[PDB]
Structure formats: C-alpha cells, structure tokens
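**Q** Structure in structure tokens, see below.
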Amino acid sequence: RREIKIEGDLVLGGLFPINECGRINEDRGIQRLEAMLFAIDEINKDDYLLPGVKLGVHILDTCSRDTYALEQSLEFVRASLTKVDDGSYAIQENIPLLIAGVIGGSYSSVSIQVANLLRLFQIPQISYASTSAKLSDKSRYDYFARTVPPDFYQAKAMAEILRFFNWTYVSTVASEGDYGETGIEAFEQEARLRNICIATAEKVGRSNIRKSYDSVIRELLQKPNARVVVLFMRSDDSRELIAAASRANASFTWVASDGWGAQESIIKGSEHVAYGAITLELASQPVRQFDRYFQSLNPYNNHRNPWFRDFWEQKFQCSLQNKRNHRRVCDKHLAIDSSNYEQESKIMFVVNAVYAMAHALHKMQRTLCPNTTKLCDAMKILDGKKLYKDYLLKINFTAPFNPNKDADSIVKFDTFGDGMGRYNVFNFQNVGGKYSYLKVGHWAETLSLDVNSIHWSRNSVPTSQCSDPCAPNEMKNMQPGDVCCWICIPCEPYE
Amino acid sequence: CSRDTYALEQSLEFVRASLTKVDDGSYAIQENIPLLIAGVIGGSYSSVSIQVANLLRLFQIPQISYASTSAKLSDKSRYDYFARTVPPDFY
Ligand SMILES: *[C@@H]1O[C@H](CO)[C@@H](O[C@@H]2O[C@H](CO)[C@@H](O)[C@H](O)[C@H]2NC(C)=O)[C@H](O)[C@H]1NC(C)=O
C-alpha cells in the first residue's frame, strides 16, 4: 500500500481518487492532492494562521472503491485505537498519527463510508467534491461537512436548464449508486414539478462490464424523439458510457452533471460522440499561486508523492529510466506551463476546505490554549466533538484570495455544513479542432445562459420535446400506447 | 453501563483486533492480543445496540440483540448485519 505521511504538531487526513484498481487519475486526483499539499505547505510556512503549530498530512489512495477507501479510512482510525494500547524491548512497527481532521472527498459513496467510520470516532471530516444530498443529513452524518452545495440545488439547476429549452420530453441515465440515485431522484422530482416529462431511467453500476452501457444506449435509441439525455453519473461511469456510445454509431446532446464536470480526460479522443453536451459544475475561481507551484514541480524535486513518477509517465506517456523500452523516455526539459495543464475547477474548494479546518484549529487553539502558541495539555487531546460543533461548523473567514474579485469570499456554512449554491454551465463547443469546454452561463437561482454561444451539436436547437402542448381546449389529449407524451384529437364542436 | 459512549468504547475493544494483524517489535510485541469475533451478541438498550451495529456494519461482523425491540434497527440499510430474536417495537 502506497501512502503519504508527513508528521507535525497536527496531521490532516487525505482521501483522493489517485488511482482508478486500475490507472492513475490525471486531473481529479493528482491536481487535488498537489493543491492540498500546497495549502498545507502554505499553512506551515505562514505566521498568522497556526504559526507555532506545524500541520502534517496523511494521504491515502481511495481507488474510487467503497471497500478500499474503507480500509484506508481504518488506517486513519488506527491512531485513536492505539491510544488505549506492549513490547519486550521496543514495539514501534507503525506509529499511527492522531488525525486532527480528515479532508476526505472524491465521490459521494467514498465520503459516506468515511463519514460512517469517522462518526464513531468523532473525527471531523471536510469534503471538497462529494455532493450527495444524503450527506446533508446530520442524523447519520453529523460529523460531515463540505464546502460544496448539496445535490438538489444542482438538480434544480438541471431542471431549469431543461425548461429553458422547453425540453418537456427527455431521457435520463444515472450511475447505479447512492450519488447517482439520489441526485437523479431529486432532478426527476424537480422535472415533475416543472411539468417536464421523462422518457427512461437507466442505471449502469459503479463498475460493470461493457454490456449494461450498450443496452442503455439501445434504450436511449428506442425513443428517437428524445434527442436530449440527462446524464447524472460519476466520472468513471461517464467515461465508460461515452466510450460505449462511441462504440455504437450514435450521438446525442448530453445534459451532464457535476460528475461529468469540466473534465477533458473523460471524453478523451471522443469529441464527436459528445459534442453538444451540456455540463454543470460547482462554480469556482482557480488559484494562480497553486498554478505556479504545481508547474514548478518535477519528479526530481517531488519525492513527497509515491505516484508522481507514475503520474508523469502516464500524462506524458514516456517512461523514466526505470524501463526505457516500453514507449519512450522523457527528455530532460519536460515541463507543465504550455502543456495541456488546465487546473481542475474544484481545486480552490479543496484548498478552502483545508483552510477552513486550519482556521477551526486556529480558533480552537485560541480557545483551548490561548496563553501560548503551543499544543499544551488542553489542546494535545483532540476534542473532535467540540472542535466540529464550535469551530468547524461556525467558521466565517474571508476567501484566501479576496484580493481577487470575490463577492462570495466568506466561507459560510449552512446549518448542515454546506457551501453556497452557485454553478457554471458549459457546452463542449468547437474552437480549434482539439476543442474543449468554456463557460456558457452561470446560475445562482435564475439561469443566465446565452443561446448564441451554445454552438449546438446538430447545428440547431435540439427539439427533444415531444409532439406539442396538446391544448385540450381545441384538441383533447390521448395516450394510446405512448404513456410518456400525448397525441391530439380535435374535440367535436358539440362536445 | 447502559450507555452509548461506554458501550462504544468496549465496541472499539471488540474492533481493536482487525487492525492489529495488518499493522514489528525489537524482540516481540505481545501483551494481550485481542481475538477476532466471529459474531457479537449485544442487546438490551436500543441506543447501545444501534451504536454497536453501526460499528459492526463496517466489519461484516453479525450482531444479534436479545432485548432491543426498537423498530429503528428494523431498517436493514444502515443496520444490515443486525438481527434480534425480539420482534420490533410496532407490535
Ligand atoms: C418555450 O415555450 C414558450 C411558450 O410555450 C416560449 O415563449 C414564447 O415563445 C414565442 C416564440 O415561440 C415568443 O414570441 C414569445 O415571446 C414567448 N412568449 C412567452 C409568454 O413566453 C419560449 O420562447 C420557448 N423557449 C424557447 C427557447 O424556445
């Protein structure tokens, strides 16, 4: 098992989808991990926020799998269990560092398992990308918080997106799991609220053979009238479904979600099959300081990561001197600046999370041990319950880069420990052949799309809507075998 | 102690064996090695049974109550590995 363990006065837990158990995640995982460690270094180098407290880290692979993430969550937990616990001469083995607070994120299912295992140890947990509405509940997940808004706000944004184009008749597909099911249920409720019908609902499983996805594709083609499919999937399932839909001679205008996000590697090599896609993302503002820090990184100056070598040899497809015969050997001048490095949108969220935790600790330090800037007897024992309930949940500090224009500088949690609901909408339009996303609008509660800048798939507004609003006042509506939508029959003038 | 927190600590005492094997002394590290529990009989007060069931769910260790009649434990979602020879409370 590969880990990161940097010791200090206090240590934060690190949960990321570094691997996909499979292959290394290139954007979601490693950029977020580097950002977290960068913020940790900034904390351990500054002088106004925990100056005398050196903040360490313990970061572990999740593989986007419940059982595996649970095993490294148990690795986090071992520290509190070993406290009550001998040896003939000296028994060290591994010394599990006492985690002050776990910055645990990635998908919703992993975060829910981590919250379940950490609630029993009253260890605070801050997420950065998990957005399931289930985690808003405090009955089972009281000690869970996150700087991202819950799922049902995103579902409401999706329903508004649908009703802006009058897409009354749409299909939808979600990933079989807690996140996909919960979010798609919320979005379907919003759709029935806005009188926006649905065609089909399909589930593919968090991990499945390439038999479910093509069946879902055939189901989506079983209703040609519905040119719009609402996709609410996790990132890996989105990748698999896009690959499957490209396998068949098919295309659509995919209404995507946060799991799709502004991700490029998900659609890698498959621009056409998802060209008119509409994707929502939790709006943010990237950090230039992290940009320069991350670009300054090299495998020679980065021994802090067990994966950075494999990350480099995957992203650039060139092997180091380890083998030198698989594909190629990296030149000595390889870099990141001009290369295809678009830092993930959800980086600053990650960073904010850590700082929130840091500030909480700072406030707790200013309360438990205000006489000195030390981890004295009052503070050397972590009061996770009190830390979470009195410092974490109530944290009101300006954004780390309020010098940059940010009306939403205040990181203010709701009563349930969630962030502001403020989203960006993207379409995968063409710019230069190797085209990418760019912002087509923003949303707080009222849409701000721009139809002109959409540049749709079939060079035209998708008319995924079914026949017409039947207007029974002049022609009544009937559903012979078409339960979804209606067909009009001109009512008699004498009836 | 008919308490959630104290029974939770002894539940940890149950649990602080699984993480031991996966975890190197100078000569030996063995004072009182806890044993992995094939199955836990834990019951009486409902809150205690719920907390112990939450802890055991993460370890697929079956837990059988003997008196906790709470219908909340009837929920097999978060109390999957739970069982009880006592009927639920709605009766
Ligand atoms: C969605 O449907 C509504 C009405 O059902 C459209 O609203 C009208 O559209 C006509 C042209 O089709 C305009 O002349 C009117 O100004 C609109 N009136 C009202 C009260 O809305 C709406 O345009 C449709 N949205 C899109 C993108 O086509």
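The first residue you see is number 1, and the count goes up from there.
So how was this one determined? The header says electron microscopy, 3.9 Å.
Placement of Cβ uses the backbone N, Cα and C atoms for every residue, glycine included.
According to Swiss-Prot, the feature L-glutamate binding site maps to A:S108, A:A129, A:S130, A:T131, A:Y179, A:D258, A:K346. According to Swiss-Prot, the disulfide bond annotation covers A:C21-A:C63, A:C197-A:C484, A:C318-A:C330, A:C369-A:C376, A:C466-A:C485, A:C470-A:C488. Feature annotation from Swiss-Prot assigns N-linked glycosylation site to A:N166, A:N249, A:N371, A:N396.
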**Q** Please give the maximum pairwise Cα distance, in Å and rounded to a whole number, for the L-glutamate-binding set A:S108, A:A129, A:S130, A:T131, A:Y179, A:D258, A:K346.
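**A** This binding site's residues have a maximal Cα-Cα distance of 18 Å.
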**Q** Relative to the Cα of A:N371 (N-linked glycosylation site), which of the recorded positions A:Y179, A:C197, A:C466, A:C484, A:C485 has the closest Cα?
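**A** It is A:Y179, whose Cα lies nearest.
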**Q** Using a 10 Å cut-off on Cβ-Cβ distances across all protein chains shown, tell me which of the recorded positions (A:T131, A:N166) has the largest neighbour count.
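**A** Counting every other Cβ within 10 Å of each candidate, the maximum falls on A:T131.
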**Q** Taking only the Cα atoms, work out how far A:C488 (disulfide bond) lies from A:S108 (L-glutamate binding site), in Å, as a whole number.
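**A** Answer for this pair: 44 Å between alpha carbons.
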**Q** Quick check: with A:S108, A:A129, A:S130, A:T131, A:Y179, A:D258, A:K346 left out, which same-chain residues have Cβ atoms within 8 Å of the centroid of the L-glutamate site Cβ atoms?
**A** A:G105, A:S106, A:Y107, A:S111, A:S127, A:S132, A:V148, A:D151, A:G259
**Q** Checking the recorded positions A:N166, A:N371, A:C470: which ones have Cβ within under 6 Å of ligand 1?
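**A** Only A:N166 meet the Cβ criterion.
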**Q** So which one is it: of the disulfide-bonded residues A:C21, A:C63, A:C466, which has the fewest other Cβ atoms within 10 Å?
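**A** Candidates: the disulfide-bonded residues A:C21, A:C63, A:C466. Fewest Cβ atoms within 10 Å: A:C21.
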**Q** Measure from the Cα of A:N249 (N-linked glycosylation site) to the Cα of every one of the recorded positions A:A129, A:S130, A:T131, A:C197, then give the nearest.
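**A** Smallest Cα separation from A:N249 (N-linked glycosylation site) among A:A129, A:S130, A:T131, A:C197: A:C197.
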**Q** So which of the disulfide-bonded residues is most packed in, judged by how many other Cβ atoms lie within 10 Å of its Cβ, out of A:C376, A:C485?
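**A** Output for this query is A:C485.
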**Q** How many Å separate the Cα atoms of A:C197 (disulfide bond) and A:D258 (L-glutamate binding site)?
**A** 22
**Q** List every residue in the same chain as A:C470 (disulfide bond), at least 6 positions away in sequence, whose Cβ is under 8 Å from its Cβ.
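**A** Sequence-distant Cβ neighbours: A:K476, A:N477, A:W486, A:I487, A:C488.
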